[PDB]
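Here the protein sequences line up with chains W and U, keeping their order.
Under full-length UniProt numbering, the residue at position 55 of the first sequence is numbered 92, and the numbers go up by one with no gaps.
Those letters in the second sequence? Residues 147 to 153, 161 to 189, per full-length UniProt numbering, in order.
From the three backbone atoms N, C-alpha and C, an ideal C-beta is built for every residue, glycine too.
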Amino acid sequence: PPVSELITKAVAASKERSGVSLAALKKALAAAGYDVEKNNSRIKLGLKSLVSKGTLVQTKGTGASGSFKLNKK
Amino acid sequence: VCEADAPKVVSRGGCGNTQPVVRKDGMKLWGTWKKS
Ligand SMILES: [Zn+2]
């Protein structure tokens, strides 16, 4: 399954008012059996694609270093 | 908006899409979507 679903599912499972950090996303995908080490660069890209698709709102920071929430709009 | 949750998470079945500002100009119904 593509990493955009795994990320969206992790952000939905940890839904809050702040927003899953990249470190929490790493932890959730690793707990989901996804190798976050080798494919970290893929994650940053896929995450960026999800922000560029507007599917994730950046709530703090800039780019992948930030916190993110599912764009309910 | 069509809120999907009635004001635990309980879903009323809604969607979450924003609503347009309808206006009338002759016989043509315009609807203004104010995105964000
Ligand atoms: Zn609706």
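Proximity of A101(W) and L84(W) at Cβ, strictly below 8 Å: yes
In whole angstroms, what is the alpha-carbon distance linking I80(W) and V40(W)? 7 Å
Using a threshold of 7 Å, is the CB atom of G167(U) nearer than that to any non-hydrogen atom of ligand 1? yes
Please list the partners that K109(W) has in chain U, where partner means a Cβ-to-Cβ separation under 8 Å. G169
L93(W): buried (16+ other C-beta within 10 angstroms of its C-beta) or exposed? buried
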